[PDB]
Each structure stands twice: as structure tokens, then as C-alpha cells.
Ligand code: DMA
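Quick setup: one chain, the form solved without the ligand, written in C-alpha cells, and binding and motion questions come after.
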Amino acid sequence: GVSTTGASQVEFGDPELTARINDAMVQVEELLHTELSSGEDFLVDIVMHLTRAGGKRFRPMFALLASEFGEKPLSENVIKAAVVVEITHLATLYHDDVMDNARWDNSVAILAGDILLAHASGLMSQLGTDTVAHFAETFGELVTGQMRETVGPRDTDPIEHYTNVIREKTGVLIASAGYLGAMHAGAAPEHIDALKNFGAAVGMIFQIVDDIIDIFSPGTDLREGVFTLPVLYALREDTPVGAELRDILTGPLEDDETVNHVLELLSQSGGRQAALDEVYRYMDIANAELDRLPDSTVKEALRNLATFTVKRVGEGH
């Protein structure tokens, strides 16, 4: 949501960084559009109709920033890797949307997601087997996260479940953008590893911050019966507010009245601060990863995009 969107539009204080990155984003956009519009007309018509004019694409932007740490920043294979990351993101969405007349739309969305994966594999064949191995792991995790969310927490700790879902569904692909951007630019192993880990931590920050904003400002997750981190923390409390929330939150909610009452209870609970402290813990991890990288305007741009996101909910926000 707003986190991943706002992140793309945090201005770099470095005008050349800005220009180089912008130029490489156009090249990503060109190659991506070529892939999305490749194949038989009847298939391409479908894929183009599902293609939602986006704006700024955070995952490829992160891959391009990560490449600034290697000897060949923004090179042709960095652009191609960024496209692979973005195509995988889109394929993922198309399969997600089908799960979240109508018999036709579902068939075609499934197939649009599949042909995107075929396009991505074509490009990966030119990037090398290490990219393919990394893709296999990343994509397997993304699929695992979607299945995990689909089956639910079952008998596990609900906060561990929530954390695992976000790490798999969201973190791993941002981590992958850092890994691939840096690796294809020929960065040092430690720097590749640091950018990967930074992307994982930032993925967590984006989603938790979004979840906090959703509740503390509509509460649309609540209506669905989707209880995110602040709600799960509040449900754990041995307080009258915790008890009343446990009584009420047995499933999705129905009238503005019950939703509104729950949102009021949540604001009376310790759930917001508990979720925020978890955000801070990931921000500490993110800063520890950036410690591994050389000082530079690109390092600080990465930091700023994390920081700016935390500041949407953080102290004196």
C-alpha cells in the first residue's frame, strides 16, 4: 500500500543519482513492456488488459539502487534482472487476485500469470543459472506465503503466522531485488548479502507500517476478519480491553458500529505501540545491514526510504 508507493517518491538528495536511476527505470519499463506484449495477439490482448498503468515500480528501483554498489551499475543485465523481479511480482498478483461472467476472468488471470512466468524464464536463461537457482528459492517462498495465508494459522502462534506470511509473500521478493541488482553489477559478496538482508527488513517495515496506518489512520482489514499485528498484540493483553477484544473478534465484522467500537478499543490498547516497537526492531536490522555497505549517497537514499516509512507512524509522526 502507501508504504511501497511513497517509498518510490522519496527524493534523492543527489541529482546525478536521480538522473542515472531515472534513465535506467525507462530502460526497465521498455523491456518489461516488450515482455508483457510478447506472444500471440489473443494472449497479449488479455495481458495488456490486466496491466494496470502503475506509476513508479519500487522493486526494480531497489534493484537499480543495489546495483550502484557493484563495478557495473545499471548495466544491461541489471536492467534485465530488475525486469525479472517485476514480472514475478506481477505474476504473483494475477494469481493472488484470482484467490482473493467470472469463470472466464479467473481462467485468464491464471494464464496471464503463467505466461509472465514463461517470459521471466526466457530472460533468466540469459542471466545465468545462479539467477535461476535464486529465482527458484524466491518464487517457492512467495508461493509458500500465499498458501500459508490461504490455510491460516491453524494451531500456531498467530503473531508468528502473521510474521511468516509477510516475510514470504512480501519480504523475499524485495530481498531478491537487492540480491540480483547487486550481484549482476558485480558487487562484493558481503555487499550483495547486505542488500538482500536490507530488502527483507524493509519488506517487513512496509507491511507493518501499512497495517498500523489501516487501523490508526477506515479499518478495512477488520471487516474482512484479517487481524494484523497491532490487533494480534492487543488480543494477547491481560487487560479489560484485551478481554473485550477477545470476546468481540471471533471473525469478520459487519456493521460500522462494531467496527468502530473495535477501532476505539484498539486505540485504548497497547497494540499500536507493540507493533511500532516491532517496526523499530526491523529498522535496527535494516541499519545493521546498511552498516555493512560503504558510505555513499545511495546508502543514505536506501536509509531514507526506510526512515521515511517508519516516520509515517513513528514518534512525532
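Start at 1 and count along the sequence shown; that's the residue number.
The discussion below concerns the form deposited with the ligand bound, not included here.
A heavy atom within 4.5 Å of the ligand in the deposited complex is found for one listed residue only; from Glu160, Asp96, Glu76, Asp130, this is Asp96.
Taking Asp238, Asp100, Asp155, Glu71 one by one, only a single residue has any non-hydrogen atom within 4.5 Å of the ligand in the deposited complex, and it is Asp100. Stretch-level contact check against the ligand in the deposited complex with heavy atoms at 4.5 Å: of 180-188, 86-94, 242-250, 102-110, the positive one is 86-94. Highlighted residues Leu142, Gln146 and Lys169: every one comes within 4.5 Å of the ligand in the deposited complex, counting any heavy atom.
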